[PDB]
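Undergrad: Okay, here's the structure, questions in a sec.
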Amino acid sequence: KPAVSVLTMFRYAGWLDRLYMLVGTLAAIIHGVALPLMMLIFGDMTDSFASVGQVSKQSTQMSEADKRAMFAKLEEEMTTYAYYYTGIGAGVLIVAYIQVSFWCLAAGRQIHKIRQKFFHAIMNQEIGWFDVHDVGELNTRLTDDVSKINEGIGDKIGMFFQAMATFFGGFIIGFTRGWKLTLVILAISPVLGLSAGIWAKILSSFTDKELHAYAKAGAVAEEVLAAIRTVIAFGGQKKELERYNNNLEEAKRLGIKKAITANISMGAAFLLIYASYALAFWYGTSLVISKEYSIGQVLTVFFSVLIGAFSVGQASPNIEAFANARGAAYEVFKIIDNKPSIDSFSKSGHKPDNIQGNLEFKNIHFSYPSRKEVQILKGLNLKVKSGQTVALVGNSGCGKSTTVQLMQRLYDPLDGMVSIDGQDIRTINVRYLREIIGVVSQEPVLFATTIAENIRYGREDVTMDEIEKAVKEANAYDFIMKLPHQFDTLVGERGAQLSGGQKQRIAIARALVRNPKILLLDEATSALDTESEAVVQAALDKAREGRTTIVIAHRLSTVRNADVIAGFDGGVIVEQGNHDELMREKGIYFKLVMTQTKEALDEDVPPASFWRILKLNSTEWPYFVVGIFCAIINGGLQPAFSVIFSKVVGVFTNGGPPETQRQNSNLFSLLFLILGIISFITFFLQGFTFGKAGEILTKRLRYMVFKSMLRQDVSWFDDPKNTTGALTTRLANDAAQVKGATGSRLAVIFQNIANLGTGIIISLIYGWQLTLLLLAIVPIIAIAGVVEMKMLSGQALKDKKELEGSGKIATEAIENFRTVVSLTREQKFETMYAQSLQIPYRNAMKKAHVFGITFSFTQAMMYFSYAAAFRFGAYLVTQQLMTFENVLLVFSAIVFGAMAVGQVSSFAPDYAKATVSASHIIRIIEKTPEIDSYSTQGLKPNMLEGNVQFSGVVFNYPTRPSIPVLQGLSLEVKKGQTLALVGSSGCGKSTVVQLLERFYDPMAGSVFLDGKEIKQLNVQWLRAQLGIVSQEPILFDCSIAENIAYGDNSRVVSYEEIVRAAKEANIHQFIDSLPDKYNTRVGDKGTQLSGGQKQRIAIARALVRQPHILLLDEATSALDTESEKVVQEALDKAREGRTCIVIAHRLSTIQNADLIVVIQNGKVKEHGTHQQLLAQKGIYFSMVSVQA
Ligand SMILES: [Hg+2]
Ligand SMILES: [Hg+2]
Ligand SMILES: [Hg+2]
Ligand SMILES: [Hg+2]
Ligand SMILES: [Hg+2]
Ligand SMILES: [Hg+2]
Ligand SMILES: [Hg+2]
């Protein structure tokens, strides 16, 4: 992975940026050291209480003279401690605000310069850069990668310096307060980073191993879901379900292990930190007994050292964000610093005023930059006199267009020169070069605006009268004036779709507005109907007037009118001259003449569910039984520590027998280790209870999901929201994440209720008023913890929804780059981009202020909490209310328990995302289709007859109930006779075939098979004897024998049936000859096949089941030569003795049909045979006269 140097990345930082960064980091430094100072003042606080305990504990000395030396002493000490706590907090809000504000600010100001300079950099690039680069990743890189460079030069590094200031501040306060104890804890430290390091490598080994493990099942997932139509047709839903399942109990089982190791890792971490507590307290409290360190110092160095150590843990991801940001900026700064060969953005050449118009190509040797191994132009020599129209022909290769592309100087020639008049094309300015050169490309392109605005892109300073005039010159004035909103009518991609000739003529107007002295026409009339070609060419012929024109047309009808015809054979121009010469010489030209004669849309719709999801995992009780008790133990483990922590510092503050200090000390420290051991047990156990659970729940669930997915109707697969990728994504992620909302949530809710629950009872017995204070303060801060991520992600989505405006501009300008560069007008797009960007950048200031005051509001309060609880608590202890040990207990129970529920909440996956991903699963499963392929009801007769009849039957597609397809057409087909379906296009030529295959239910009317209604028949059995052949046949990546035998399921096909169906489809000759026989894989993973052969396989497939009805729907549209003969030759022998329905556009093979039905609109207007419908002189007579 690449990476820019650090110094290089902040290049766009100015005076104010460097100022903001230095001041921000300086605030982050002093903010970072606030917390350790808070621990120092906490130790100096506890030392004051430990003095008041031991005197009032043993016997009785002075009752009236205690209140002056104890009660009055602690008040005087706390009145200062409160000023220290509150002072520090008051500083915290200030420096935090400076920190986040200034950083988010300066970073934003740099990002604003970066995205702009990046966009200009892209526009500045030449077309050769676009040849080697995918535009798709380029367009997304402007949004994703710049937003990614934004993160990591913002608040992230302010928090990095804060975390490091906390590290250094913690170790400095540690060593400053204690020499030995800090060394002891730090001696325990290396065993943690080594443990965290090894366990992070273990699960990440299984994580990357899981991805290519399910990819095997996801392979058959998309293969089926893509081919589903052919699946439901052949009903292999049983076999495809089994095939999908076979790869499931292979992948997830491997995931079980990872789950377990992840829990073991977490348990190891807790064991080790608990061991650190036990050890540090064992040494510290043994150290206070020899009267070296005080009680407060042990707490001070322990807390400052721990905090300083965990500070690294909180500095790791922030520095990570900065790391990939430099990796992201390499690609972007590469494009910016890239200066193109053709600029094209400034003027450095000449701008001739003659401007004359003579074209010359002298010795042009050129090859494309993408493929340099192949040379296109080899010594091209071509001259065009003034105002002369030259046509290029020869059907050589890309070279024709290359000349056009060379002429507007998109590419510079490898050898030789293109000269307009006496000067080279390179000696003249590019912008001015393309202003004097007009171009009309093969595919017309209009931007999404008014017609007028599409014209303005041709030239900006155009008055409305000039626009109209230019439209009238383009014969486009007629239809524009018929448009509803006239010249203000929208066009382009979205809204108001126009026909190709109209779109092209608007473009011609656009080019005519620039008034170029040279006009280039590259396949202008191509890909157009003969009716629009007339008008477009009518405009073009009038656009060639007084201009030097070089024209390329595939259709040679419009070529002859040119002044000079130049032929292309290979890379060199051979024959050049007038029409009569090129006919008389019988060259290439003469040969050509004789031969041519959805993400957001998903999660929004589902309602529900609350705790219904647990029923999905309810298949396994025992795991949950052990899991709840387990989670209760690990949960009640936390209040235990609040007691034992208070008991250690309690033995040194509350006084008591010194001979019992050691005895108790070693008890409680050791106790902590026990407390660690048990915590290791829980995480080992939970991993075997909920850990397996959610995985089993996954496998079974995917199975279930997939089954229901095949149960679904075809109309459900037509729903735009359910795509093969969306279904495979639903199946891959949402199904597996459901476990986040089942057992994990019970674990979280039980560890939480055990912790804060039992802890609150304990703190309620040992404290009354203080407990009531903390259960007030804590929830208030918790809500602040919620609002923090509410206003953070809330204004984050708002910032993106206001950036989609620019994203549209840059997207449209990049996707059509090859078009805009021909019209210049790049700088115009830059202008529109900056104008679009000015709005979100004006909100960046307010953004920073809001983020600042919010971060400071969450953080400031935190210190003030301490300041409240300890002031009020000291007020409690100073009086008859006891004691201090219980103050510290209540505090540690409620507060550390509150943080503990936060950690537990951060363990489990996102419950919201889990429930929403769950709802899609429960809905996909409980989804009952109209037509059910799984039903075991139905008639199942003996009668092999097979008479097809459509009576009434009016249908319209459920996806788009606009313009019904069948308006009640009726027909009939008896056994052995073949039906023929004729019409202008599809709907409902193919809808008949789909309806007989029962993919849909018509709204009114009925379709009968024999004497029975179809709806009465068994669903699967109906399709059991229906042969279906589509326009593009598909095979499964299994094998050939399986493909052929895929025709008939629920039966052993064996060698005999496959060879028997092979020999009649005439495919047996292609099998033995190609190594090897039947074992070969089709396709794309095996040996490729031509359309004809694969189609013959598709025939053999539908022929195995011995169907009494064949449905042939536009069978071979792409088949050519003699390949089409043998296919239909194999169809004709298998059509005898069967009911057949043929849809073809050929109309040549329909003449032999028994019945020919012409279907127009929604009904049947013509019925009869070929000669019968021919002698009728109806619409069939109009359609069959185009055969000549
Ligand atoms: Hg920011
Ligand atoms: Hg080309
Ligand atoms: Hg547990
Ligand atoms: Hg379609
Ligand atoms: Hg259709
Ligand atoms: Hg297969
Ligand atoms: Hg047929």
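Ordered as shown in the structure tokens, chains take letters A, B, and onward, while each chain numbers its residues from 1 and ligands are numbered from 1 in the order shown.
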Which residues in range 460-569 of chain A does DSSP call alpha helix (DSSP H)? List them as a VMD selection string.
TA: chain A and resid 464 to 472 477 to 482 500 to 513 530 to 543
Undergrad: Using only C-alpha atoms and all ligand atoms, which residues of the polymer chains come no farther than 12 Å from ligand 3? I'd like the answer as number ranges by chain.
TA: A: 263-264, 266-267, 623-637, 678-691, 743-752, 754, 904, 907
Undergrad: Step by step, measure atom-to-atom distances between ligand 7 and each residue using only C-alpha atoms and all ligand atoms, keep those at most 9 Å, then write them as an NGL selection string.
TA: :A and (977-980 or 1110-1112 or 1131-1132 or 1135 or 1139-1143 or 1150 or 1153-1154)
Undergrad: So that each row is one residue of chain A with an atom at most 10 Å from ligand 1, can you give its shortest atom pair and the distance in Å to one decimal, using only C-alpha atoms and all ligand atoms, rows by chain and rising number, as a tab-separated table?
TA:
residue	atom	partner	partner_atom_place_in_ligand_line	distance
A:100	CA	ligand 1	1 (Hg)	7.7
A:101	CA	ligand 1	1 (Hg)	8.1
A:102	CA	ligand 1	1 (Hg)	9.2
A:103	CA	ligand 1	1 (Hg)	6.9
A:104	CA	ligand 1	1 (Hg)	3.5
A:105	CA	ligand 1	1 (Hg)	6.7
A:106	CA	ligand 1	1 (Hg)	8.7
A:107	CA	ligand 1	1 (Hg)	6.7
A:108	CA	ligand 1	1 (Hg)	6.6
A:150	CA	ligand 1	1 (Hg)	7.6
A:151	CA	ligand 1	1 (Hg)	7.2
A:152	CA	ligand 1	1 (Hg)	9.1
A:153	CA	ligand 1	1 (Hg)	8.5
A:154	CA	ligand 1	1 (Hg)	5.2
A:155	CA	ligand 1	1 (Hg)	5.7
A:156	CA	ligand 1	1 (Hg)	8.3
A:792	CA	ligand 1	1 (Hg)	10.0
A:796	CA	ligand 1	1 (Hg)	9.5
A:844	CA	ligand 1	1 (Hg)	8.6
A:847	CA	ligand 1	1 (Hg)	8.1
A:848	CA	ligand 1	1 (Hg)	6.9
A:851	CA	ligand 1	1 (Hg)	8.0
A:852	CA	ligand 1	1 (Hg)	9.9
Undergrad: Would you please give, as a list in words, all residues of range 403-440 of chain A that DSSP assigns to strand (DSSP E or B) based on the backbone?
TA: residues 415, 416, 417, 418, 419, 420, 423, 424, 428, 437, 438, 439 and 440 of chain A
Undergrad: Mind writing the picked residues with N, CA, C and O atoms as a short mmCIF file (atom, residue, chain, number, x, y, z; two decimals), in the first residue's frame?
TA:
data_model
loop_
_atom_site.label_atom_id
_atom_site.label_comp_id
_atom_site.auth_asym_id
_atom_site.auth_seq_id
_atom_site.Cartn_x
_atom_site.Cartn_y
_atom_site.Cartn_z
N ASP A 415 4.58 9.36 -35.15
CA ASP A 415 5.50 9.90 -36.14
C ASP A 415 4.72 10.66 -37.21
O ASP A 415 3.63 10.25 -37.60
N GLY A 416 5.26 11.79 -37.67
CA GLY A 416 4.58 12.58 -38.68
C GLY A 416 3.82 13.74 -38.08
O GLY A 416 3.80 13.92 -36.86
N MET A 417 3.16 14.53 -38.93
CA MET A 417 2.46 15.72 -38.47
C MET A 417 1.14 16.00 -39.20
O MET A 417 1.01 15.74 -40.40
N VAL A 418 0.16 16.52 -38.45
CA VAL A 418 -1.12 16.96 -39.00
C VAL A 418 -1.16 18.47 -39.14
O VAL A 418 -1.23 19.19 -38.15
N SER A 419 -1.12 18.96 -40.37
CA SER A 419 -1.00 20.39 -40.60
C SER A 419 -2.27 21.03 -41.16
O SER A 419 -2.74 20.67 -42.24
N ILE A 420 -2.85 21.95 -40.40
CA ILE A 420 -3.83 22.90 -40.91
C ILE A 420 -3.06 24.09 -41.52
O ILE A 420 -2.34 24.79 -40.81
N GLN A 423 0.91 26.05 -40.79
CA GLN A 423 1.38 25.77 -39.44
C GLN A 423 0.93 24.39 -38.99
O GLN A 423 -0.05 23.85 -39.50
N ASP A 424 1.68 23.79 -38.07
CA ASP A 424 1.31 22.50 -37.49
C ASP A 424 0.14 22.69 -36.54
O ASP A 424 -0.06 23.77 -35.99
N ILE A 428 -0.64 25.55 -32.70
CA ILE A 428 -1.80 26.40 -32.40
C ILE A 428 -2.48 25.98 -31.11
O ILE A 428 -2.52 24.79 -30.77
N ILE A 437 -13.10 23.72 -34.77
CA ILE A 437 -13.40 22.39 -35.28
C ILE A 437 -14.68 21.85 -34.64
O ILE A 437 -14.78 21.73 -33.41
N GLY A 438 -15.67 21.56 -35.48
CA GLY A 438 -16.92 20.99 -35.02
C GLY A 438 -16.89 19.48 -35.14
O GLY A 438 -16.19 18.94 -36.00
N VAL A 439 -17.64 18.80 -34.27
CA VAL A 439 -17.67 17.34 -34.26
C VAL A 439 -19.07 16.79 -33.97
O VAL A 439 -19.77 17.28 -33.08
N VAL A 440 -19.49 15.79 -34.73
CA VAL A 440 -20.73 15.08 -34.45
C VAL A 440 -20.46 13.58 -34.32
O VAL A 440 -20.17 12.90 -35.30
#
